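See structure below.
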Amino acid sequence: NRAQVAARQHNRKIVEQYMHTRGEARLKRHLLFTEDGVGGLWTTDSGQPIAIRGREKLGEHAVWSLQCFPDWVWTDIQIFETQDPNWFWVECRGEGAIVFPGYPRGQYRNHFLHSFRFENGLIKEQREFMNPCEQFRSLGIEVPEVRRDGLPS
Amino acid sequence: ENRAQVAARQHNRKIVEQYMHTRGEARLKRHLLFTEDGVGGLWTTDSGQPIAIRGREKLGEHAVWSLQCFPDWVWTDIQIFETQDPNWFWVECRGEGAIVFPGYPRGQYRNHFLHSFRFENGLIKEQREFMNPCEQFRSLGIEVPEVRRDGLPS
Ligand SMILES: O=C(c1ccc(Cl)cc1)c1c(-c2ccc(O)cc2)sc2cc(O)ccc12
Ligand SMILES: O=C(c1ccc(Cl)cc1)c1c(-c2ccc(O)cc2)sc2cc(O)ccc12
């Protein structure tokens, strides 16, 4: 129990560090992961995650993260510990320029949930969840509209 | 203080369990798990704004529509997360069932969901569910736009 308490307190510090990582520090965020750790975006247009698998690949991906989201900041961070000392959830927002190849530069804002699962004091699995429709908007991509006439309102 | 927090968390967890396992005709009374002014709804939609049902009475009325448009809906793969706030829980799960939206072909809708439950005085003050609307678009036959990935490596 003292060990679970210790694990939770340490893991929480890693979540805080991850969520506050911005700027050039993003180039070393992958060091918060286990060697086989996975991090990525679970909510995309395809319905499949875009997951970066392995600490080395996460470090390589930071280059592309900094290209596509050059000034990204997580804001409004609320960290939730859970009964599992190795599992945390985060509710937050994120904002920054979006610079996707072949799209106009945009300003992207979204609400996010993150899941952090730990192993031996480092992140084993990070997942972020958002509404892709807001990212479509930031890219100038038309968002389909569910017709609401027949729904209660 | 800790005893009161522990008591609140244990009770609130039972309410979350009950909510997540409410199926079929019991859905018509799910609103009784809310405070009178409780709010529940879908936070992730095509508009970017929540579709929130405000007040226990309106939640009960909305259950009628819910049972018509998602007549056999179930939540599955339910994982309930207590938090350091005895009045705040998160749930990761999936949901599935027929989707019968007005003016759209009858479909089968499956999605991954996160739910947030915030409690006041032992009942739900705020329920919010979060999903990827693209999967609901697919269930309705609505074309999902595709972000071009040619310059976007993973
Ligand atoms: O926004 C992201 C994203 C993907 C993964 C991660 Cl880890 C973070 C963001 C998205 C992409 C991406 C892929 C590779 C890359 O190098 C940078 C961005 S394609 C895509 C397609 C969507 O419908 C929504 C989001 C994204
Ligand atoms: O599926 C839902 C939904 C909304 C709120 C709640 Cl509480 C549950 C489901 C959605 C809608 C709705 C509105 C009112 C109603 O009576 C039934 C359905 S429009 C819409 C539009 C979207 O792009 C995605 C989901 C929904």
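To be explicit about the labels: the chains of the structure tokens are called A, B, and onward in the order shown, and within each one the residues are counted from 1, while ligands get numbers from 1 in the order they are shown.
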
Within-7 Å residues of ligand 2, basis only C-alpha atoms and all ligand atoms, as a VMD selection string: (chain A and resid 145 to 146 148 151 to 153) or (chain B and resid 40 to 42 44 to 47 51 to 53 62 65 to 66 69 133 136 to 137)

Close residues, region 57-62 of chain A itself excluded, 8 Å, only C-alpha atoms, min 3 positions apart in chain, as a PyMOL selection string: (chain A and resi 26-31+38-39+52-54+65-66) or (chain B and resi 154)

7 Å contacts from chain A to chain B using only C-alpha atoms, as a list in words: residues 43, 45, 47, 52, 61, 80, 81, 82, 83, 101, 131, 132, 133, 134, 143, 144, 145, 150 and 151 of chain A

Export of the given selection (N, CA and C atoms) as a CSV table (one decimal), in the first residue's frame:
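The resulting result-v1.csv:
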chain,number,residue,atom,x,y,z
A,43,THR,N,-8.5,9.4,-31.5
A,43,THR,CA,-9.7,9.8,-32.2
A,43,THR,C,-9.3,10.5,-33.5
A,45,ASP,N,-10.2,10.7,-38.1
A,45,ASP,CA,-11.2,10.5,-39.1
A,45,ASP,C,-11.4,9.1,-39.5
A,47,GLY,N,-11.2,6.4,-37.6
A,47,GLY,CA,-11.7,5.6,-36.5
A,47,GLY,C,-10.6,4.7,-35.9
A,52,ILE,N,2.2,6.1,-31.9
A,52,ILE,CA,3.6,6.1,-32.1
A,52,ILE,C,4.1,5.1,-31.1
A,61,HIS,N,9.1,11.2,-33.5
A,61,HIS,CA,7.9,11.9,-33.9
A,61,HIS,C,7.8,13.3,-33.3
A,80,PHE,N,-6.5,13.6,-13.0
A,80,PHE,CA,-7.3,12.7,-12.2
A,80,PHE,C,-6.5,11.5,-11.9
A,81,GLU,N,-6.1,11.3,-10.6
A,81,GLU,CA,-5.6,10.0,-10.1
A,81,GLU,C,-6.8,9.1,-10.1
A,82,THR,N,-6.5,7.8,-10.0
A,82,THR,CA,-7.6,6.8,-10.0
A,82,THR,C,-7.2,5.7,-8.9
A,83,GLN,N,-8.1,4.7,-8.7
A,83,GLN,CA,-7.8,3.6,-7.8
A,83,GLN,C,-6.6,2.8,-8.3
A,101,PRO,N,0.8,19.7,-43.9
A,101,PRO,CA,1.3,19.8,-45.3
A,101,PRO,C,0.1,19.8,-46.2
A,131,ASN,N,-12.6,15.6,-30.2
A,131,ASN,CA,-13.6,15.6,-31.3
A,131,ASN,C,-12.9,16.0,-32.6
A,132,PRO,N,-12.7,15.1,-33.5
A,132,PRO,CA,-11.9,15.5,-34.7
A,132,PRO,C,-12.6,16.6,-35.5
A,133,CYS,N,-13.9,16.8,-35.3
A,133,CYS,CA,-14.6,17.9,-36.1
A,133,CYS,C,-13.9,19.2,-35.9
A,134,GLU,N,-13.4,19.5,-34.7
A,134,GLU,CA,-12.8,20.8,-34.5
A,134,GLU,C,-11.5,20.9,-35.2
A,143,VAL,N,-17.2,20.1,-42.3
A,143,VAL,CA,-17.7,19.1,-41.3
A,143,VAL,C,-19.1,18.7,-41.7
A,144,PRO,N,-19.4,17.4,-41.8
A,144,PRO,CA,-20.8,17.1,-42.0
A,144,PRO,C,-21.7,17.4,-40.9
A,145,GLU,N,-23.0,17.7,-41.2
A,145,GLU,CA,-23.9,18.1,-40.1
A,145,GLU,C,-25.0,17.0,-40.1
A,150,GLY,N,-35.8,16.2,-37.2
A,150,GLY,CA,-36.6,15.2,-36.6
A,150,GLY,C,-36.3,14.9,-35.2
A,151,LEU,N,-35.3,15.5,-34.7
A,151,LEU,CA,-34.9,15.2,-33.3
A,151,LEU,C,-35.6,16.2,-32.4

Region 106-117 of chain A surroundings by only C-alpha atoms, 7 Å radius, close-in-sequence under 6 positions cut, as a PyMOL selection string: chain A and resi 86-99+123-130+134-135+138-139

Residues of region 87-146 of chain A in helix (DSSP H, G or I), written as JSON, numbers by chain: {"A": [132, 133, 134, 135, 136, 137, 138]}

Among the residues B:60, B:108, B:49, B:76, the one that comes closest to residue 25 (chain B) [using only C-alpha atoms]: B:60

Residues flagged strand (DSSP E or B) by DSSP in chain A, as a PyMOL selection string: chain A and resi 33-41+50-53+73-80+87-98+106-119+122-129

What does the file look like for those residues with C-alpha atoms, as a short mmCIF file (atom, residue, chain, number, x, y, z; two decimals), in the first residue's frame?
data_model
loop_
_atom_site.label_atom_id
_atom_site.label_comp_id
_atom_site.auth_asym_id
_atom_site.auth_seq_id
_atom_site.Cartn_x
_atom_site.Cartn_y
_atom_site.Cartn_z
CA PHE A 33 8.03 6.65 -21.61
CA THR A 34 9.15 3.09 -21.15
CA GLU A 35 11.30 1.79 -23.97
CA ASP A 36 8.24 0.10 -25.49
CA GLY A 37 5.86 2.89 -24.51
CA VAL A 38 3.12 4.01 -26.86
CA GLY A 39 1.63 7.47 -27.27
CA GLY A 40 -0.83 8.85 -29.76
CA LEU A 41 -4.15 10.18 -30.89
CA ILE A 50 -2.52 7.14 -34.83
CA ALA A 51 -0.15 5.64 -32.30
CA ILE A 52 3.59 6.07 -32.07
CA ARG A 53 5.10 2.85 -30.75
CA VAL A 73 0.12 24.29 -25.35
CA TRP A 74 -2.11 22.20 -23.11
CA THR A 75 -4.29 24.46 -20.98
CA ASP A 76 -6.95 24.04 -18.31
CA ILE A 77 -5.23 20.89 -17.09
CA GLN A 78 -7.09 18.77 -14.55
CA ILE A 79 -5.29 15.59 -13.52
CA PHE A 80 -7.30 12.70 -12.15
CA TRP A 87 -3.61 4.91 -14.42
CA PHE A 88 -4.40 8.60 -14.68
CA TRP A 89 -6.86 10.62 -16.71
CA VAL A 90 -6.50 14.26 -17.68
CA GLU A 91 -9.14 16.68 -18.86
CA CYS A 92 -7.72 19.73 -20.58
CA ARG A 93 -7.78 21.90 -23.65
CA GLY A 94 -5.09 22.36 -26.23
CA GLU A 95 -4.29 25.16 -28.61
CA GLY A 96 -1.77 26.11 -31.23
CA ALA A 97 -1.13 26.73 -34.84
CA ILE A 98 -1.80 23.76 -37.06
CA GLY A 106 -4.70 27.37 -39.15
CA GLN A 107 -5.36 27.95 -35.48
CA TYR A 108 -6.48 24.79 -33.74
CA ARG A 109 -8.28 24.66 -30.41
CA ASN A 110 -9.85 21.59 -28.91
CA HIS A 111 -10.95 19.89 -25.75
CA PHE A 112 -9.02 16.76 -24.88
CA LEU A 113 -9.01 13.82 -22.55
CA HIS A 114 -5.75 11.98 -21.97
CA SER A 115 -5.18 8.52 -20.55
CA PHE A 116 -1.81 7.71 -18.97
CA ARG A 117 -0.91 4.16 -17.98
CA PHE A 118 2.40 3.60 -16.20
CA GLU A 119 4.86 0.78 -15.79
CA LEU A 122 7.34 5.71 -16.75
CA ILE A 123 4.51 6.02 -19.25
CA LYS A 124 3.62 2.73 -20.91
CA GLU A 125 0.63 4.09 -22.81
CA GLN A 126 -0.52 7.63 -23.46
CA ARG A 127 -3.71 8.19 -25.42
CA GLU A 128 -5.44 11.44 -26.27
CA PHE A 129 -9.07 11.77 -27.24
#

Residue 8 (chain A) surroundings by only C-alpha atoms, 7 Å radius, close-in-sequence under 4 positions cut, as a list in words: residues 4, 12, 85 and 86 of chain A

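One distance worth recording is that between CA of residue 19 (chain B) and CA of residue 49 (chain A), which is 27.8 Å.
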
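Coordinates place CA of residue 139 (chain B) at a distance of 7.3 Å from CA of residue 99 (chain B).
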
Contacts of region 26-31 of chain B within 6 Å, only C-alpha atoms, excl. fewer than 4 positions in-chain, as an NGL selection string: :B and (22 or 56 or 59-60 or 63)

Store the residues picked out above in a file with C-alpha atoms, as a tab-separated table (two decimals), in the first residue's frame.
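To be explicit, this is the file written out as again12.tsv:
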chain	number	residue	atom	x	y	z
B	22	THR	CA	-29.02	0.84	-17.25
B	56	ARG	CA	-33.94	15.77	-14.18
B	59	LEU	CA	-33.61	13.99	-18.81
B	60	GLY	CA	-36.64	11.80	-18.19
B	63	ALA	CA	-35.11	9.00	-22.33

Could you list, as a PDB file with N, CA, C and O atoms, in the first residue's frame, every residue within 10 Å of residue 12 (chain B), counting only C-alpha atoms and ignoring same-chain residues fewer than 5 positions away?
ATOM      1  N   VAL B   6     -14.655   9.047   1.852  1.00  0.00           N
ATOM      2  CA  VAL B   6     -14.716   7.627   1.519  1.00  0.00           C
ATOM      3  C   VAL B   6     -16.159   7.194   1.325  1.00  0.00           C
ATOM      4  O   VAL B   6     -16.493   6.489   0.368  1.00  0.00           O
ATOM      5  N   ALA B   7     -17.041   7.613   2.237  1.00  0.00           N
ATOM      6  CA  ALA B   7     -18.449   7.248   2.135  1.00  0.00           C
ATOM      7  C   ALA B   7     -19.051   7.761   0.840  1.00  0.00           C
ATOM      8  O   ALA B   7     -19.779   7.042   0.148  1.00  0.00           O
ATOM      9  N   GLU B  17     -22.018   2.739 -11.491  1.00  0.00           N
ATOM     10  CA  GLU B  17     -22.264   1.370 -11.928  1.00  0.00           C
ATOM     11  C   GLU B  17     -23.695   1.223 -12.427  1.00  0.00           C
ATOM     12  O   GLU B  17     -23.947   0.665 -13.502  1.00  0.00           O
ATOM     13  N   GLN B  18     -24.650   1.700 -11.643  1.00  0.00           N
ATOM     14  CA  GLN B  18     -26.038   1.551 -12.040  1.00  0.00           C
ATOM     15  C   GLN B  18     -26.300   2.266 -13.359  1.00  0.00           C
ATOM     16  O   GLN B  18     -26.939   1.716 -14.257  1.00  0.00           O
ATOM     17  N   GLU B  82     -12.555   5.736 -10.185  1.00  0.00           N
ATOM     18  CA  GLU B  82     -12.664   6.685  -9.105  1.00  0.00           C
ATOM     19  C   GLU B  82     -11.531   7.681  -9.245  1.00  0.00           C
ATOM     20  O   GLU B  82     -10.555   7.435  -9.951  1.00  0.00           O
ATOM     21  N   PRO B  86     -14.008  12.550  -4.513  1.00  0.00           N
ATOM     22  CA  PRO B  86     -14.992  11.480  -4.314  1.00  0.00           C
ATOM     23  C   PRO B  86     -16.259  11.706  -5.090  1.00  0.00           C
ATOM     24  O   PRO B  86     -17.037  10.764  -5.242  1.00  0.00           O
ATOM     25  N   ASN B  87     -16.458  12.915  -5.608  1.00  0.00           N
ATOM     26  CA  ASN B  87     -17.628  13.270  -6.393  1.00  0.00           C
ATOM     27  C   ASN B  87     -17.351  13.345  -7.879  1.00  0.00           C
ATOM     28  O   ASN B  87     -18.184  13.869  -8.612  1.00  0.00           O
ATOM     29  N   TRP B  88     -16.231  12.803  -8.352  1.00  0.00           N
ATOM     30  CA  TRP B  88     -15.909  12.851  -9.775  1.00  0.00           C
ATOM     31  C   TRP B  88     -15.366  11.495 -10.195  1.00  0.00           C
ATOM     32  O   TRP B  88     -14.392  11.004  -9.618  1.00  0.00           O
ATOM     33  N   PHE B  89     -16.040  10.886 -11.168  1.00  0.00           N
ATOM     34  CA  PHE B  89     -15.652   9.614 -11.732  1.00  0.00           C
ATOM     35  C   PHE B  89     -15.516   9.765 -13.238  1.00  0.00           C
ATOM     36  O   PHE B  89     -16.179  10.595 -13.869  1.00  0.00           O
ATOM     37  N   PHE B 117     -18.686  11.758 -14.685  1.00  0.00           N
ATOM     38  CA  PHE B 117     -19.791  11.847 -13.741  1.00  0.00           C
ATOM     39  C   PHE B 117     -19.353  12.699 -12.567  1.00  0.00           C
ATOM     40  O   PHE B 117     -18.430  12.324 -11.840  1.00  0.00           O
ATOM     41  N   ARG B 118     -20.051  13.794 -12.342  1.00  0.00           N
ATOM     42  CA  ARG B 118     -19.832  14.624 -11.174  1.00  0.00           C
ATOM     43  C   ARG B 118     -21.079  14.568 -10.320  1.00  0.00           C
ATOM     44  O   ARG B 118     -22.192  14.657 -10.836  1.00  0.00           O
ATOM     45  N   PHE B 119     -20.882  14.413  -9.016  1.00  0.00           N
ATOM     46  CA  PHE B 119     -21.941  14.156  -8.058  1.00  0.00           C
ATOM     47  C   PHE B 119     -22.145  15.336  -7.132  1.00  0.00           C
ATOM     48  O   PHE B 119     -21.217  16.091  -6.838  1.00  0.00           O
ATOM     49  N   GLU B 120     -23.375  15.463  -6.652  1.00  0.00           N
ATOM     50  CA  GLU B 120     -23.711  16.389  -5.588  1.00  0.00           C
ATOM     51  C   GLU B 120     -24.736  15.696  -4.711  1.00  0.00           C
ATOM     52  O   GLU B 120     -25.755  15.222  -5.209  1.00  0.00           O
ATOM     53  N   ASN B 121     -24.453  15.604  -3.422  1.00  0.00           N
ATOM     54  CA  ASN B 121     -25.411  15.027  -2.480  1.00  0.00           C
ATOM     55  C   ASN B 121     -25.879  13.650  -2.939  1.00  0.00           C
ATOM     56  O   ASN B 121     -27.056  13.294  -2.819  1.00  0.00           O
ATOM     57  N   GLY B 122     -24.955  12.870  -3.480  1.00  0.00           N
ATOM     58  CA  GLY B 122     -25.210  11.473  -3.723  1.00  0.00           C
ATOM     59  C   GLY B 122     -25.922  11.152  -5.014  1.00  0.00           C
ATOM     60  O   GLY B 122     -26.251   9.980  -5.243  1.00  0.00           O
ATOM     61  N   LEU B 123     -26.173  12.140  -5.862  1.00  0.00           N
ATOM     62  CA  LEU B 123     -26.761  11.909  -7.169  1.00  0.00           C
ATOM     63  C   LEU B 123     -25.927  12.633  -8.208  1.00  0.00           C
ATOM     64  O   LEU B 123     -25.084  13.472  -7.888  1.00  0.00           O
ATOM     65  N   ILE B 124     -26.195  12.319  -9.470  1.00  0.00           N
ATOM     66  CA  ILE B 124     -25.397  12.872 -10.555  1.00  0.00           C
ATOM     67  C   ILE B 124     -25.814  14.312 -10.791  1.00  0.00           C
ATOM     68  O   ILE B 124     -26.970  14.586 -11.117  1.00  0.00           O
TER      69      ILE B 124
END
